[PDB]
Amino acid sequence: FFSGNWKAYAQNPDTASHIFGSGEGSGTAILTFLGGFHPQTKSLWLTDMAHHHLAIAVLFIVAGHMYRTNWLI
Amino acid sequence: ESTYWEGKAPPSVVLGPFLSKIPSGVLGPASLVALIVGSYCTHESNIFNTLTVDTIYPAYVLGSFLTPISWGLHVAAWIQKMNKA
Amino acid sequence: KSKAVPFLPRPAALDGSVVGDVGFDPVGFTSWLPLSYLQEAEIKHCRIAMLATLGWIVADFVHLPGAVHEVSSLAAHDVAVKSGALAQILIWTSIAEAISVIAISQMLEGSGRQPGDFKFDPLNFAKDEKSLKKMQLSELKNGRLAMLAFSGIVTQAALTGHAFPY
Amino acid sequence: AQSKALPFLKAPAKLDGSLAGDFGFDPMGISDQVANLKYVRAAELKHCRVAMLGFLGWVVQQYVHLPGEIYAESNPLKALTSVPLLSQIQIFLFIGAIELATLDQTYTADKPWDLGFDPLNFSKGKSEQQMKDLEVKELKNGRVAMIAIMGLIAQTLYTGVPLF
Ligand code: CLA
Ligand SMILES: C/C(C=C=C1C(C)(C)C[C@H](O)C[C@@]1(C)O)=C/C=C/C(C)=C/C=C/C=C(C)/C=C/C=C(/C=C/[C@@]12O[C@]1(C)C[C@@H](O)CC2(C)C)CO
Ligand SMILES: CC(/C=C/C=C(C)/C=C/[C@@]12O[C@]1(C)C[C@@H](O)CC2(C)C)=C\C=C\C=C(C)\C=C\C=C(C)\C=C\[C@@]12O[C@]1(C)C[C@@H](O)CC2(C)C
């Protein structure tokens with residue numbers, strides 16, 4: 001994150017044989033684009049939703065500086 | 001103050017006290033350059049070369065952000081030009 | 001009309017300031033921004049560049065009170081962000097700059113704070129207005145020279161690998 | 001200009017004169033929202049006192065322990081879990097008993113921090129200047145302790161060394 005090598009958080013995502021709640025077939029990534037659903041739970045990837053909320057957080061924090069307050073801008 | 005307007009163009013105060021003082025001959029070419037740069041950055045990050053995890057290029061991203069901006073710069077350029085600036 | 005550029009006219013916003021007003025603004029940036037904000041930015045750049053030039057030069061010559069400090073001020077950045085010193089300096093710099101927002105916002109709004117003024121004269125090197133103006137001009141000239149010098153130092157020390165001559 | 005702590009900023013309107021320890025330190029202008037400085041001073045002084053007691057307890061627990069085994073843990077954060085819940089609930093109930101009457105007191109009084117606590121009468125006979133000097137001493141020591149107790153907690157959570 002500090003080094004800017006943000007791709008490292010997307011390397012080695014959860015495989016297509018991952019059993020939810022267990023380490024079998026898991027990965028190490030935390031923020032990924034995968035799209036679709038988990039092959040086992042038939043639901044969105046947890047790494048997809050974490051990345052989604054991080055992007056939403058950055059966007060809303062940026063957008064929260066729009067209106068004027070005690071600092072002239 | 002009084003950003004309300006009814007003439008041909010709004011007063012320069014609507015541009016803020018940073019764009020209110022830019023000559024239109026500066027904003028115009030700057031807006032065109034920003035639009036061209038942003039379009040090229042968007043077409044280089046995507047379209048011409050498909051996006052990949054290993055290829056994000058903050059320059060192209062930050063660049064692409066100049067396209068939305070360009071819109072604002074040339075709007076301000078027109079506003080300055082019509083206000084004799 | 002300008003003192004620095006005889007061809008181009010004198011900038012409209014530059015009439016007199018003890019910061020070294022020689023009327024050098026060919027692109028008219030003083031018309032864009034308030035002069036006070038630009039002066040604060042220039043003084044900040046001056047001080048940062050002077051500190052950085054002195055630190056680069058010294059740390060290449062005599063800087064090793066340990067093991068991780070055995071670098072050549074070109075690989076020093078990565079080594080010492082791994083060590084954790086740059087993190088602490090960044091924390092304190094962020095605190096100082098966050099305080100500086102209010103200082104910049106208290107000026108440009110009223111008050112009386114001159115650009116770049118932090119009331120930091122513990123040793124009282126400046127006594128009266130004349131000394132204050134003379135040393136403000138001296139500080140800004142030294143800071144501009146240090147900006148250019150540090151630019152040269154980094155560009156040369158990245159174009160090759162060497163010592164003080166670079 | 002008017003701030004002593006930040007000699008360059010001008011302090012906010014509510015930072016002036018009285019309420020000892022006033023060094024003009026409110027860059028964010030938090031005092032501009034509070035109706036008065038009574039409640040914020042009460043909170044600051046409560047934090048100062050709790051932090052002084054916390055630092056003293058940190059050091060003493062580092063060096064001195066009660067005869068029982070349950071109090072033999074040297075790490076204060078580990079002692080937070082090793083100590084039986086009975087002792088901690090007794091401490092919490094004592095604090096809450098002290099806190100409810102002062103809860104009635106704080107939100108309305110002119111000096112919410114003045115709890116009338118002076119068993120040794122260290123303030124009886126002292127002049128106004130001496131009393132203000134004592135208040136300044138208390139506030140200084142409390143702010144330093146707050147910084148110190150937070151540092152101790154952080155260094156214990158980050159390295160496991162409770163001291164030094
Ligand atoms: C619980 C903490 C606490 C609280 C409630 C106060 C409250 C107060 N302080 Mg104070 N102070 C504190 C801690 C605190 N202080 C510490 C630790 C120091 C030492 C640095 C000081 C130093 C100090 C000075 C020098 C002065 C005051 C003053 C004041 C009064 C006016 C300012 C105000 O309204 O801010 C209200 C403050 C808060 C509501 C706290 C908000 C919490 C922020 C967001 C802190 C965020 C964390 C922080 C950035 C980092 C902490 C982590 C770690 C590094 C410590 C007010 C009674 C001024 C005074 O006497 O006026 C009468 C004054 O001149 N304080
Ligand atoms: C203990 C230690 C290290 C070590 C040891 C041992 C125990 C000693 C020995 C062992 O053998 C090894 C080891 C590792 O353990 C000590 C570390 C060194 C320290 C403690 C020194 C810190 C350096 C300070 C710097 C480099 C700060 C730079 C200043 C800036 C200012 C920025 C400004 O922009 C701001 C924000 C406002 C502007 O207006 C103007 C200015 C002021 C210019 C940054 O630009
Ligand atoms: C306890 C204290 C004061 C206690 C006073 C009390 C109870 C007085 C009570 C009374 O007067 C009243 C109220 C009313 C009177 O009628 C009755 C009595 C009963 C007489 C002040 C502490 C004040 C404590 C202070 C100021 C502490 C500062 C601590 C620092 C700087 C520590 C730094 C470090 O801990 C770090 C940060 C990291 C470590 O690794 C390294 C070091 C260096 C150890």
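Residues numbered from 1 in each chain as written, not as in the entry; some residues may be left out. Chains lettered and ligands numbered in written order. Part of a larger assembly, values for the part shown. Heavy atoms only, no water. Residues with missing side-chain atoms left out of burial classes, pairs and counts.

- Regarding how it was determined, this PDB entry cites cryo-EM in its header, along with a resolution of 2.95 Å.

### A look at the interface of chain C and chain D
Alright, step 1. Taken together, the contacts link nine residues of chain C with seven residues of chain D.
Alright, step 2. For the pair chain C and chain D, the summed buried area comes to about 750 Å², and 74% of that belongs to carbon and sulfur atoms.
Alright, step 3. When residues of chain C are sorted by the area they lose upon contact with chain D, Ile99(C), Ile102(C) and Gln106(C) head the list and together hold 53% of the total.
Alright, step 4. Where chain C packs against chain D, one counts zero salt bridges.
Alright, step 5. Summed over the shared surface of chain C and chain D, the number is one residue pair in polar contact.
Alright, step 6. Its residues placed into classes, the side of chain C that touches chain D shows four nonpolar, two polar and three charged. (Contact = heavy atoms within 4.5 Å. Buried area = accessible area lost by both parts, 1.4 Å probe. Salt bridge = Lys/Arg side-chain N within 4 Å of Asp/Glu carboxyl O. Polar contact = N/O pair within 3.5 Å; in protein donor to acceptor, adjacent residues only side chain to side chain. Nonpolar A, V, L, I, M, F, W, Y, C, P; charged D, E, K, R; others polar.)

### Some points on the site of ligand 2
Residue and element names in this part refer to chain C.
Alright, step 1. Around ligand 2 sit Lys44, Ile48, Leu51, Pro65, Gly66, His69, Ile89, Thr93, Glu97 and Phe118, and that is every residue in its neighbourhood.
Alright, step 2. Protein contacts shield 39% of the accessible area of ligand 2, which totals 1,000 Å² for the unbound molecule.
Alright, step 3. In the shell around ligand 2, the residues fall into five nonpolar, three polar and two charged. (Near = heavy atom within 4 Å. Areas by Shrake-Rupley, 256 points an atom, 1.4 Å probe, with all protein chains shown as cover.)

### Points about the site of ligand 1
Residue and element names in this part refer to chain D.
Alright, step 1. Residues in contact with ligand 1 amount to 16 residues; listed here are only the nearest, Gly21, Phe23, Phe25, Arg41 and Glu44.
Alright, step 2. One of the backbone N or O atoms of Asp22 is found 3.4 Å from an oxygen atom in ligand 1.
Alright, step 3. Residue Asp26 places a side-chain N or O atom 3.5 Å away from an oxygen atom belonging to ligand 1.
Alright, step 4. Elements that contribute at least two residues to the shell around ligand 1 include exactly α1 (38-63) and α4 (128-159).
Alright, step 5. Broken down by element, the residue count for the shell around ligand 1 peaks at four residues, all from α1. (Helix = DSSP H or I, 4+ residues; strand = E, 2+ residues; numbered from the N terminus.)

### Section: the side chain of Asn75(D)
Alright, step 1. Mapping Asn75(D) onto the fold places it in the loop between α1 and α2 (76-82).
Alright, step 2. Polar side-chain contacts of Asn75(D) include one of 2.9 Å to the backbone nitrogen of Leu77(D).

### Focus: helix α2 (residues 35-61) of chain C
All names here are of chain C.
Alright, step 1. Helix length check: α2 (27 residues) gives 39 Å between terminal C-alpha atoms against 39 Å at 1.5 Å per residue, within 8%.
Alright, step 2. Taken residue by residue, α2 has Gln39, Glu40, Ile43, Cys46, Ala49, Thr53 and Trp56 as its buried positions.
Alright, step 3. Where the residues of α2 are buried, they touch α4 (85-106) and α5 (129-159). (Expected span 1.5 Å × (residues − 1). Buried < 20%, exposed > 50% of the residue type's maximum accessible area, 1.4 Å probe, protein only.)

### Structural notes on the packing of α2(C) against α4(C)
Residues and elements named next belong to chain C.
Alright, step 1. As a packed pair, α2 and α4 sit with axes 12 Å apart at the nearest point and diverge in direction by 150 degrees. Taken as axis vectors, α2 and α4 run roughly antiparallel relative to one another. Judged by the sense of rotation from one axis to the other, the crossing of α2 with α4 is right-handed. Packed against α2, whose contacting residues are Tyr37, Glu40 and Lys44, the element α4 presents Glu97, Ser100 and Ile104 at the interface.
Alright, step 2. Taken together, the residues that form the contact of α2 with α4 break down as two nonpolar, one polar and three charged. (Axes fitted to C-alpha atoms, helices over the stretch in contact; angles between N-to-C directions. Parallel < 35°, antiparallel > 145°, perpendicular 65-115°, else oblique. Left-handed = near helix turned anticlockwise from the far one by under 90°.)

### Considerations on the nonpolar core
Alright, step 1. If you look at the biggest cluster of nonpolar residues, it comprises eight residues: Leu15(B), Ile22(B), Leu27(B), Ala34(B), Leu73(B), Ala76(B), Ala77(B) and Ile79(B).
Alright, step 2. Ranked by residue count, the leading element in this core is helix α4 (residues 66-82) of chain B, at four residues.
Alright, step 3. Once residues lying within four places of it in the same chain are set aside, the contact partners of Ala76(B) are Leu15(B), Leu19(B) and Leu27(B).
Alright, step 4. Of all hydrophobic cores here, the second largest spans six residues; its members include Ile102(C), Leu6(D), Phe8(D) and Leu9(D). (Core = buried A, V, L, I, M, F, W, Y, C linked by side-chain atoms within 4.5 Å.)

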